[PDB]
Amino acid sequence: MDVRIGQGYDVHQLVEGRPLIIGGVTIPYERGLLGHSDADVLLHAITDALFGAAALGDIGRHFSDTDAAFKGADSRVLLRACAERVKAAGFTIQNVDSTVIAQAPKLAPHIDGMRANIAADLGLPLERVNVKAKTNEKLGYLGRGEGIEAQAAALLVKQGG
């Protein structure tokens, strides 16, 4: 088994006037993430971990502002597209694990929805997808609720068939 590791990072500012969408789940909340389209910090981090494991670069290098195929793409579309490219490069996905750091709101009741979304987008059963939530103990911009961070890890095997 030619096994490979990938890691990903993302962060977005939390601001008034926007919906909170994490792992494709809309979480009712006074504020939301700032960025293009749905600003899905968790989906972006996983997308980068998968591209990383496959030595395919990063989410920026694959998905430009001018790319014709992804005009009006949101984060789930990019995640499905990433999955396709990783497959096409000759890899299979062992599993994904992740952590979202948000001081608030509480994410635990929404985690299973995030798992179902990610598993579908990756062609994985639920048992190979995991998402964990953590506060930042009121430390830093994350602790102050100025932002939300996601960390991801992915393991692939290059077939190798």
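Note that residue numbering begins at 1 and tracks the sequence as displayed.
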131 to 139 or 102 to 110, whichever carries the higher mean Cα B-factor: 102 to 110
Could you check which stretch, 13 to 21 or 143 to 151, carries the larger mean CA temperature factor in the entry? 13 to 21
Name the residue from 26, 117, 37, 95 with the greatest C-alpha temperature factor listed in the entry. 37
Residue 54 CA temperature factor, ranked by third within the chain: middle
State the tercile, meaning the lowest, middle or highest third, of residue 48 with respect to the CA B-factors recorded for its chain. lowest
The third of the chain into which the C-alpha temperature factor of residue 81 falls is the middle
Should residue 68 be placed in the lowest, middle or highest third of its chain by the C-alpha B factor in the entry? highest
Comparing against every modelled residue in the chain, figure out the third that the C-alpha B-factor of residue 126 lands in (lowest, middle or highest). highest
